[PDB]
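In what follows, a single structure is set out as structure tokens and then discussed.
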Protein chains: 2
Amino acid sequence: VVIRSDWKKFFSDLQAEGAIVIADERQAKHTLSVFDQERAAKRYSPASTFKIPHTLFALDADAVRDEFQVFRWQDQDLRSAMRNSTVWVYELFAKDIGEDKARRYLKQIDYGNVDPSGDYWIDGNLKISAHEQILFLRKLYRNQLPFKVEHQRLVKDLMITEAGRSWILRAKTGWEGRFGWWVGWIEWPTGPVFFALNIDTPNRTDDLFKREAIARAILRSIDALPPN
Amino acid sequence: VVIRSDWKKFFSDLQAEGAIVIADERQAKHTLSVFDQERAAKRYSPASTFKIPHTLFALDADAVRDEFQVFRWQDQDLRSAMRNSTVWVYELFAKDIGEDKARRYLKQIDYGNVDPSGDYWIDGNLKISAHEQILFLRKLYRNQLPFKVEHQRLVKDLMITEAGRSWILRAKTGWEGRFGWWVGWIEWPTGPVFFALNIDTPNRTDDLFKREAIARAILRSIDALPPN
């Protein structure tokens, strides 16, 4: 665990309080870098980062079949639902899964708190840490979650925000109101670089841009994003 | 079939002889646009565009397991092999599959000529047309090829050359020596736009850039690529 006092700079440059864990797996030897080890180990409601395991649950439970399936009531497929902030599709999924399957699903994947007591992933008691996001993400990357490999591939395809010839960025934001996240990874020919940042958002919507901004400055600093 | 005399301009702007089929599925009604219907229906050796069905064959036949599997003799995974021009990995796959499984695989997917008589996809008798590329690509997109859905997803993930928030470009070039291709699609929230261009390459390596260049000018002309 490499304690990154060299990365505080990116946080304070934007007046931000947060933590980040990056796991750089591009060399034969893997490092684990951390800013605020303590906050990194703290557990926070995932919010919309939960869309990643939640889609695996919905797919497993056949709450949704396909990338092609349309939900009406403006029509969402699984890709628009992943990419947007409209809440009803995932709320639908939760109702169709129920608290018990969710419960068991959460223990199966060992997702933080594992406890789903409105929406359980923002308004309930479910909580995960930056380190726990990293461990989960890496399992999904290696296709080792207890889900069909096709569902894992699908979800990983839904998470694409950006790509070039050599690299694929697969990532998800979340915001609880008091704090927000950005998690995901970027793949390079030699391997991935996982990231999971949370920060506090005292200035609310005006702080949201700092999620990706801070993480991106850090990733450019270790050559894990292209120049601009 | 909408005959695109409005697209000749992009071909001659680069002194090029070729055809293109685009299938725009972004509206409830699908169109099929074509430049040179006749050459569009003609069959040409796929060359490296064959890497797309060939990877499905290798995966099915467990010639390769995984995105993670490494081939030695510089080490290739399935992603580097897809992205590069180094020939030995796919030649390996062919030997492990043999002419008979290849044969049956080709008939199963109804891939052009269906006949694998060095490398059969550049030096043999296998041949497919721009229209036949389009039909195959659309099957892969809908997950309706006779292969596990996970293998289809994988191959579709290997084909990513580029992406943004809203769009994913999944594409493959080929060159035979006398002619070259670019095929693939780009996905938008409302649906994909399939493309398959071949052109002659009398000036050899100096003509190769025209494959993507012509197709891209066309796709920008119908708003199916971002501005630049």
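Within each chain, counting starts at residue 1; across the structure tokens, chains are named A, B, ... in the order shown, with ligands numbered 1 upward in that order.
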
Least-squares fit of chain A onto chain B (C-alpha, ordered pairing) as a PDB file with C-alpha atoms, in the first residue's frame:
```pdb
ATOM      1  CA  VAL A   1     -31.982  -0.051 -51.395  1.00  0.00           C
ATOM      2  CA  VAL A   2     -31.142   3.607 -51.732  1.00  0.00           C
ATOM      3  CA  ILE A   3     -28.562   4.158 -54.489  1.00  0.00           C
ATOM      4  CA  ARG A   4     -26.123   6.826 -53.301  1.00  0.00           C
ATOM      5  CA  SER A   5     -24.961   8.866 -56.248  1.00  0.00           C
ATOM      6  CA  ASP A   6     -24.564  11.590 -53.576  1.00  0.00           C
ATOM      7  CA  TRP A   7     -21.577   9.628 -52.100  1.00  0.00           C
ATOM      8  CA  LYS A   8     -19.509   9.156 -55.266  1.00  0.00           C
ATOM      9  CA  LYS A   9     -17.979  12.555 -54.360  1.00  0.00           C
ATOM     10  CA  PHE A  10     -16.137  11.052 -51.308  1.00  0.00           C
ATOM     11  CA  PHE A  11     -14.649   8.265 -53.405  1.00  0.00           C
ATOM     12  CA  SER A  12     -13.394  10.435 -56.247  1.00  0.00           C
ATOM     13  CA  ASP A  13     -12.169  13.125 -53.875  1.00  0.00           C
ATOM     14  CA  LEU A  14      -9.558  10.464 -52.978  1.00  0.00           C
ATOM     15  CA  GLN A  15      -9.245   8.929 -56.468  1.00  0.00           C
ATOM     16  CA  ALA A  16     -10.744   5.714 -55.194  1.00  0.00           C
ATOM     17  CA  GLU A  17     -12.653   2.849 -56.823  1.00  0.00           C
ATOM     18  CA  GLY A  18     -14.867   1.047 -54.394  1.00  0.00           C
ATOM     19  CA  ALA A  19     -18.265   0.357 -52.982  1.00  0.00           C
ATOM     20  CA  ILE A  20     -19.938   0.896 -49.574  1.00  0.00           C
ATOM     21  CA  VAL A  21     -23.058  -0.400 -47.886  1.00  0.00           C
ATOM     22  CA  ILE A  22     -24.394   1.439 -44.904  1.00  0.00           C
ATOM     23  CA  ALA A  23     -27.394   0.184 -42.882  1.00  0.00           C
ATOM     24  CA  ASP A  24     -28.783   2.981 -40.719  1.00  0.00           C
ATOM     25  CA  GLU A  25     -30.922   1.538 -37.897  1.00  0.00           C
ATOM     26  CA  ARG A  26     -31.337   4.680 -35.769  1.00  0.00           C
ATOM     27  CA  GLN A  27     -35.003   5.261 -36.788  1.00  0.00           C
ATOM     28  CA  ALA A  28     -38.005   2.882 -36.416  1.00  0.00           C
ATOM     29  CA  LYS A  29     -37.680   2.420 -40.198  1.00  0.00           C
ATOM     30  CA  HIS A  30     -34.326   1.006 -41.418  1.00  0.00           C
ATOM     31  CA  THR A  31     -32.713   2.118 -44.696  1.00  0.00           C
ATOM     32  CA  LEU A  32     -30.040   0.423 -46.772  1.00  0.00           C
ATOM     33  CA  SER A  33     -27.794   2.821 -48.665  1.00  0.00           C
ATOM     34  CA  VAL A  34     -25.330   1.659 -51.293  1.00  0.00           C
ATOM     35  CA  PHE A  35     -22.588   3.076 -53.461  1.00  0.00           C
ATOM     36  CA  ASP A  36     -21.951   0.732 -56.438  1.00  0.00           C
ATOM     37  CA  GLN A  37     -24.715  -1.857 -55.900  1.00  0.00           C
ATOM     38  CA  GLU A  38     -22.923  -4.171 -58.342  1.00  0.00           C
ATOM     39  CA  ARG A  39     -19.485  -4.104 -56.644  1.00  0.00           C
ATOM     40  CA  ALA A  40     -21.383  -4.180 -53.358  1.00  0.00           C
ATOM     41  CA  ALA A  41     -22.717  -7.567 -54.323  1.00  0.00           C
ATOM     42  CA  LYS A  42     -19.374  -8.832 -55.534  1.00  0.00           C
ATOM     43  CA  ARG A  43     -17.327 -11.125 -53.415  1.00  0.00           C
ATOM     44  CA  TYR A  44     -13.831 -10.354 -52.258  1.00  0.00           C
ATOM     45  CA  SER A  45     -11.434 -12.132 -49.948  1.00  0.00           C
ATOM     46  CA  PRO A  46     -12.124 -10.726 -46.450  1.00  0.00           C
ATOM     47  CA  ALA A  47      -8.496 -10.663 -45.391  1.00  0.00           C
ATOM     48  CA  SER A  48      -8.199  -9.321 -41.898  1.00  0.00           C
ATOM     49  CA  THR A  49     -11.911  -8.579 -41.576  1.00  0.00           C
ATOM     50  CA  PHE A  50     -12.077 -12.361 -41.165  1.00  0.00           C
ATOM     51  CA  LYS A  51     -10.570 -11.942 -37.706  1.00  0.00           C
ATOM     52  CA  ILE A  52     -14.097 -11.232 -36.518  1.00  0.00           C
ATOM     53  CA  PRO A  53     -15.708 -14.668 -37.379  1.00  0.00           C
ATOM     54  CA  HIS A  54     -12.322 -16.399 -36.930  1.00  0.00           C
ATOM     55  CA  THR A  55     -12.186 -15.392 -33.213  1.00  0.00           C
ATOM     56  CA  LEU A  56     -15.693 -16.780 -32.656  1.00  0.00           C
ATOM     57  CA  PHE A  57     -14.494 -20.078 -34.265  1.00  0.00           C
ATOM     58  CA  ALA A  58     -11.302 -20.175 -32.086  1.00  0.00           C
ATOM     59  CA  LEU A  59     -13.253 -19.392 -28.973  1.00  0.00           C
ATOM     60  CA  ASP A  60     -15.965 -22.001 -29.763  1.00  0.00           C
ATOM     61  CA  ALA A  61     -13.313 -24.644 -30.538  1.00  0.00           C
ATOM     62  CA  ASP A  62     -11.383 -23.611 -27.339  1.00  0.00           C
ATOM     63  CA  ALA A  63      -8.350 -22.836 -29.519  1.00  0.00           C
ATOM     64  CA  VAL A  64      -8.427 -19.841 -27.158  1.00  0.00           C
ATOM     65  CA  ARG A  65     -10.149 -19.599 -23.817  1.00  0.00           C
ATOM     66  CA  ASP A  66     -10.188 -16.054 -22.684  1.00  0.00           C
ATOM     67  CA  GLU A  67      -9.194 -12.393 -23.124  1.00  0.00           C
ATOM     68  CA  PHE A  68      -6.502 -13.326 -20.566  1.00  0.00           C
ATOM     69  CA  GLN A  69      -4.834 -16.244 -22.403  1.00  0.00           C
ATOM     70  CA  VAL A  70      -1.228 -15.470 -23.602  1.00  0.00           C
ATOM     71  CA  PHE A  71       0.378 -16.929 -26.743  1.00  0.00           C
ATOM     72  CA  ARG A  72       4.177 -17.012 -26.795  1.00  0.00           C
ATOM     73  CA  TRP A  73       6.631 -17.072 -29.751  1.00  0.00           C
ATOM     74  CA  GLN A  74       6.028 -10.565 -28.421  1.00  0.00           C
ATOM     75  CA  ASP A  75       3.294 -12.290 -26.282  1.00  0.00           C
ATOM     76  CA  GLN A  76      -0.163 -11.933 -27.766  1.00  0.00           C
ATOM     77  CA  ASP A  77      -3.491 -11.910 -26.089  1.00  0.00           C
ATOM     78  CA  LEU A  78      -6.704 -11.902 -28.113  1.00  0.00           C
ATOM     79  CA  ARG A  79      -6.866  -8.118 -27.900  1.00  0.00           C
ATOM     80  CA  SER A  80      -3.399  -7.424 -29.269  1.00  0.00           C
ATOM     81  CA  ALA A  81      -3.985 -10.018 -31.958  1.00  0.00           C
ATOM     82  CA  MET A  82      -7.216  -8.283 -32.947  1.00  0.00           C
ATOM     83  CA  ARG A  83      -5.531  -4.852 -32.934  1.00  0.00           C
ATOM     84  CA  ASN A  84      -2.329  -5.742 -34.818  1.00  0.00           C
ATOM     85  CA  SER A  85      -1.094  -7.211 -38.157  1.00  0.00           C
ATOM     86  CA  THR A  86       1.123  -9.978 -36.776  1.00  0.00           C
ATOM     87  CA  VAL A  87      -0.132 -13.123 -38.585  1.00  0.00           C
ATOM     88  CA  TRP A  88       0.995 -16.142 -36.451  1.00  0.00           C
ATOM     89  CA  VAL A  89      -1.733 -16.165 -33.796  1.00  0.00           C
ATOM     90  CA  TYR A  90      -4.595 -16.585 -36.279  1.00  0.00           C
ATOM     91  CA  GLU A  91      -2.547 -19.063 -38.305  1.00  0.00           C
ATOM     92  CA  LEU A  92      -2.187 -21.005 -35.025  1.00  0.00           C
ATOM     93  CA  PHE A  93      -5.976 -20.874 -34.557  1.00  0.00           C
ATOM     94  CA  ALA A  94      -6.581 -22.158 -38.078  1.00  0.00           C
ATOM     95  CA  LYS A  95      -4.274 -25.199 -37.572  1.00  0.00           C
ATOM     96  CA  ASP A  96      -6.053 -26.050 -34.266  1.00  0.00           C
ATOM     97  CA  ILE A  97      -9.461 -25.764 -35.900  1.00  0.00           C
ATOM     98  CA  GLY A  98      -8.503 -27.649 -39.096  1.00  0.00           C
ATOM     99  CA  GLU A  99     -10.121 -27.367 -42.528  1.00  0.00           C
ATOM    100  CA  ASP A 100     -13.202 -29.400 -41.585  1.00  0.00           C
ATOM    101  CA  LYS A 101     -14.377 -27.476 -38.501  1.00  0.00           C
ATOM    102  CA  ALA A 102     -13.610 -24.234 -40.384  1.00  0.00           C
ATOM    103  CA  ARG A 103     -15.773 -25.565 -43.275  1.00  0.00           C
ATOM    104  CA  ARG A 104     -18.686 -26.379 -40.977  1.00  0.00           C
ATOM    105  CA  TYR A 105     -18.208 -23.146 -39.034  1.00  0.00           C
ATOM    106  CA  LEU A 106     -18.354 -21.194 -42.311  1.00  0.00           C
ATOM    107  CA  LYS A 107     -21.612 -22.933 -43.397  1.00  0.00           C
ATOM    108  CA  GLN A 108     -23.101 -22.546 -39.927  1.00  0.00           C
ATOM    109  CA  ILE A 109     -22.711 -18.758 -40.188  1.00  0.00           C
ATOM    110  CA  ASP A 110     -23.402 -18.687 -43.868  1.00  0.00           C
ATOM    111  CA  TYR A 111     -20.291 -16.544 -44.456  1.00  0.00           C
ATOM    112  CA  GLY A 112     -20.188 -15.802 -48.169  1.00  0.00           C
ATOM    113  CA  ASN A 113     -18.438 -18.360 -50.340  1.00  0.00           C
ATOM    114  CA  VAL A 114     -18.381 -20.689 -47.249  1.00  0.00           C
ATOM    115  CA  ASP A 115     -15.215 -22.321 -48.813  1.00  0.00           C
ATOM    116  CA  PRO A 116     -11.779 -22.451 -46.910  1.00  0.00           C
ATOM    117  CA  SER A 117      -9.598 -24.069 -49.659  1.00  0.00           C
ATOM    118  CA  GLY A 118      -1.471 -20.533 -46.890  1.00  0.00           C
ATOM    119  CA  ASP A 119      -4.124 -18.578 -44.958  1.00  0.00           C
ATOM    120  CA  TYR A 120      -7.596 -19.375 -46.511  1.00  0.00           C
ATOM    121  CA  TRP A 121      -9.023 -15.898 -45.773  1.00  0.00           C
ATOM    122  CA  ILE A 122      -6.340 -14.042 -47.843  1.00  0.00           C
ATOM    123  CA  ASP A 123      -4.572 -16.718 -49.922  1.00  0.00           C
ATOM    124  CA  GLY A 124      -7.415 -19.207 -50.275  1.00  0.00           C
ATOM    125  CA  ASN A 125     -10.778 -19.170 -51.935  1.00  0.00           C
ATOM    126  CA  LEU A 126     -12.945 -17.653 -49.196  1.00  0.00           C
ATOM    127  CA  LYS A 127     -14.811 -14.530 -50.453  1.00  0.00           C
ATOM    128  CA  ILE A 128     -17.653 -12.350 -49.134  1.00  0.00           C
ATOM    129  CA  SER A 129     -19.327  -9.172 -50.391  1.00  0.00           C
ATOM    130  CA  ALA A 130     -19.970  -5.802 -48.719  1.00  0.00           C
ATOM    131  CA  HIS A 131     -23.680  -6.770 -48.436  1.00  0.00           C
ATOM    132  CA  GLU A 132     -22.720 -10.122 -46.869  1.00  0.00           C
ATOM    133  CA  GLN A 133     -20.420  -8.352 -44.346  1.00  0.00           C
ATOM    134  CA  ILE A 134     -23.413  -6.198 -43.359  1.00  0.00           C
ATOM    135  CA  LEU A 135     -25.664  -9.193 -42.805  1.00  0.00           C
ATOM    136  CA  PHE A 136     -23.095 -11.026 -40.762  1.00  0.00           C
ATOM    137  CA  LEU A 137     -22.286  -7.914 -38.634  1.00  0.00           C
ATOM    138  CA  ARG A 138     -25.937  -7.370 -37.828  1.00  0.00           C
ATOM    139  CA  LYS A 139     -26.315 -10.987 -36.686  1.00  0.00           C
ATOM    140  CA  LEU A 140     -23.295 -10.500 -34.335  1.00  0.00           C
ATOM    141  CA  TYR A 141     -24.804  -7.271 -33.067  1.00  0.00           C
ATOM    142  CA  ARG A 142     -28.135  -8.990 -32.267  1.00  0.00           C
ATOM    143  CA  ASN A 143     -26.288 -12.001 -30.679  1.00  0.00           C
ATOM    144  CA  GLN A 144     -27.871 -14.443 -33.201  1.00  0.00           C
ATOM    145  CA  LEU A 145     -24.825 -16.226 -34.507  1.00  0.00           C
ATOM    146  CA  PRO A 146     -24.573 -19.902 -33.455  1.00  0.00           C
ATOM    147  CA  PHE A 147     -22.052 -19.162 -30.680  1.00  0.00           C
ATOM    148  CA  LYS A 148     -22.284 -18.651 -26.981  1.00  0.00           C
ATOM    149  CA  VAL A 149     -23.553 -15.113 -26.225  1.00  0.00           C
ATOM    150  CA  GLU A 150     -20.419 -14.539 -24.117  1.00  0.00           C
ATOM    151  CA  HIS A 151     -18.138 -15.277 -27.087  1.00  0.00           C
ATOM    152  CA  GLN A 152     -20.179 -12.801 -29.220  1.00  0.00           C
ATOM    153  CA  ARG A 153     -19.956 -10.116 -26.520  1.00  0.00           C
ATOM    154  CA  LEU A 154     -16.180 -10.746 -26.213  1.00  0.00           C
ATOM    155  CA  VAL A 155     -15.583 -10.369 -29.947  1.00  0.00           C
ATOM    156  CA  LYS A 156     -17.726  -7.261 -29.969  1.00  0.00           C
ATOM    157  CA  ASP A 157     -15.608  -5.884 -27.131  1.00  0.00           C
ATOM    158  CA  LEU A 158     -12.415  -6.745 -29.110  1.00  0.00           C
ATOM    159  CA  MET A 159     -13.638  -4.687 -32.051  1.00  0.00           C
ATOM    160  CA  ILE A 160     -13.824  -1.380 -30.175  1.00  0.00           C
ATOM    161  CA  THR A 161     -11.569   1.194 -31.878  1.00  0.00           C
ATOM    162  CA  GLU A 162     -13.141   4.297 -30.279  1.00  0.00           C
ATOM    163  CA  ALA A 163     -15.997   5.607 -28.005  1.00  0.00           C
ATOM    164  CA  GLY A 164     -17.496   8.670 -26.320  1.00  0.00           C
ATOM    165  CA  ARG A 165     -20.366   9.125 -23.787  1.00  0.00           C
ATOM    166  CA  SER A 166     -23.031   8.352 -26.348  1.00  0.00           C
ATOM    167  CA  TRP A 167     -21.403   6.213 -28.949  1.00  0.00           C
ATOM    168  CA  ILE A 168     -19.222   3.164 -29.545  1.00  0.00           C
ATOM    169  CA  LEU A 169     -17.301   2.485 -32.724  1.00  0.00           C
ATOM    170  CA  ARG A 170     -16.513  -1.258 -33.324  1.00  0.00           C
ATOM    171  CA  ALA A 171     -14.624  -1.846 -36.579  1.00  0.00           C
ATOM    172  CA  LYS A 172     -12.052  -3.843 -38.558  1.00  0.00           C
ATOM    173  CA  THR A 173      -9.792  -3.186 -41.578  1.00  0.00           C
ATOM    174  CA  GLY A 174      -8.489  -5.720 -44.095  1.00  0.00           C
ATOM    175  CA  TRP A 175      -6.107  -5.580 -47.008  1.00  0.00           C
ATOM    176  CA  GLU A 176      -5.534  -8.233 -49.664  1.00  0.00           C
ATOM    177  CA  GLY A 177      -2.939  -6.332 -51.640  1.00  0.00           C
ATOM    178  CA  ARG A 178      -5.171  -5.423 -54.544  1.00  0.00           C
ATOM    179  CA  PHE A 179      -8.161  -4.160 -52.448  1.00  0.00           C
ATOM    180  CA  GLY A 180      -8.986  -3.348 -48.832  1.00  0.00           C
ATOM    181  CA  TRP A 181     -11.917  -3.081 -46.480  1.00  0.00           C
ATOM    182  CA  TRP A 182     -13.242  -1.301 -43.484  1.00  0.00           C
ATOM    183  CA  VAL A 183     -16.309  -2.788 -41.795  1.00  0.00           C
ATOM    184  CA  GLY A 184     -18.010  -2.437 -38.423  1.00  0.00           C
ATOM    185  CA  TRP A 185     -20.683  -0.257 -36.907  1.00  0.00           C
ATOM    186  CA  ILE A 186     -21.122   2.702 -34.594  1.00  0.00           C
ATOM    187  CA  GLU A 187     -23.875   2.528 -31.912  1.00  0.00           C
ATOM    188  CA  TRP A 188     -25.890   5.594 -30.901  1.00  0.00           C
ATOM    189  CA  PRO A 189     -28.639   5.674 -28.229  1.00  0.00           C
ATOM    190  CA  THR A 190     -31.272   5.045 -30.937  1.00  0.00           C
ATOM    191  CA  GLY A 191     -29.448   2.256 -32.751  1.00  0.00           C
ATOM    192  CA  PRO A 192     -26.457   1.240 -34.887  1.00  0.00           C
ATOM    193  CA  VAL A 193     -25.194   2.267 -38.328  1.00  0.00           C
ATOM    194  CA  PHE A 194     -23.458  -0.657 -40.000  1.00  0.00           C
ATOM    195  CA  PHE A 195     -20.836  -0.038 -42.690  1.00  0.00           C
ATOM    196  CA  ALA A 196     -18.786  -2.128 -45.122  1.00  0.00           C
ATOM    197  CA  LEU A 197     -16.509  -0.463 -47.617  1.00  0.00           C
ATOM    198  CA  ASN A 198     -13.981  -2.075 -49.947  1.00  0.00           C
ATOM    199  CA  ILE A 199     -11.814  -0.209 -52.424  1.00  0.00           C
ATOM    200  CA  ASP A 200      -9.038  -1.119 -54.805  1.00  0.00           C
ATOM    201  CA  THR A 201      -5.507  -0.331 -53.736  1.00  0.00           C
ATOM    202  CA  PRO A 202      -3.431   0.200 -56.919  1.00  0.00           C
ATOM    203  CA  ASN A 203      -0.941   2.365 -55.001  1.00  0.00           C
ATOM    204  CA  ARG A 204      -0.680  -0.243 -52.226  1.00  0.00           C
ATOM    205  CA  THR A 205       0.252   1.084 -48.723  1.00  0.00           C
ATOM    206  CA  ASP A 206      -0.315   4.655 -49.958  1.00  0.00           C
ATOM    207  CA  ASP A 207      -4.017   3.825 -50.508  1.00  0.00           C
ATOM    208  CA  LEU A 208      -4.686   2.160 -47.184  1.00  0.00           C
ATOM    209  CA  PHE A 209      -5.629   5.361 -45.390  1.00  0.00           C
ATOM    210  CA  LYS A 210      -8.527   5.821 -47.911  1.00  0.00           C
ATOM    211  CA  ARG A 211     -10.404   2.853 -46.385  1.00  0.00           C
ATOM    212  CA  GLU A 212     -11.342   4.654 -43.146  1.00  0.00           C
ATOM    213  CA  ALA A 213     -11.073   8.117 -44.682  1.00  0.00           C
ATOM    214  CA  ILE A 214     -13.840   7.603 -47.281  1.00  0.00           C
ATOM    215  CA  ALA A 215     -16.117   5.738 -44.891  1.00  0.00           C
ATOM    216  CA  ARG A 216     -15.669   8.389 -42.208  1.00  0.00           C
ATOM    217  CA  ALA A 217     -16.506  11.269 -44.604  1.00  0.00           C
ATOM    218  CA  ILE A 218     -19.680   9.414 -45.541  1.00  0.00           C
ATOM    219  CA  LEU A 219     -20.663   8.710 -41.901  1.00  0.00           C
ATOM    220  CA  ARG A 220     -20.110  12.332 -40.888  1.00  0.00           C
ATOM    221  CA  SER A 221     -22.374  13.284 -43.913  1.00  0.00           C
ATOM    222  CA  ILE A 222     -25.216  11.305 -42.306  1.00  0.00           C
ATOM    223  CA  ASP A 223     -24.440  12.402 -38.711  1.00  0.00           C
ATOM    224  CA  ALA A 224     -23.254   9.009 -37.556  1.00  0.00           C
ATOM    225  CA  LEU A 225     -19.819  10.169 -36.367  1.00  0.00           C
ATOM    226  CA  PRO A 226     -18.998  13.136 -34.079  1.00  0.00           C
ATOM    227  CA  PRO A 227     -17.769  16.421 -35.821  1.00  0.00           C
ATOM    228  CA  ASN A 228     -13.942  15.955 -35.146  1.00  0.00           C
TER     229      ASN A 228
END
```

Review point. So which residues of chain B fall under alpha helix (DSSP H) by DSSP, listed as a VMD selection string?
Key: chain B and resid 8 to 12 37 to 40 51 to 60 78 to 83 88 to 108 130 to 141 149 to 158 209 to 221

Check your understanding: Among range 25-222 of chain A, which residues carry a DSSP assignment of strand (DSSP E), reported as a ChimeraX atom specification?
Key -> /A:31-35,160-163,168-175,179-188,191-200
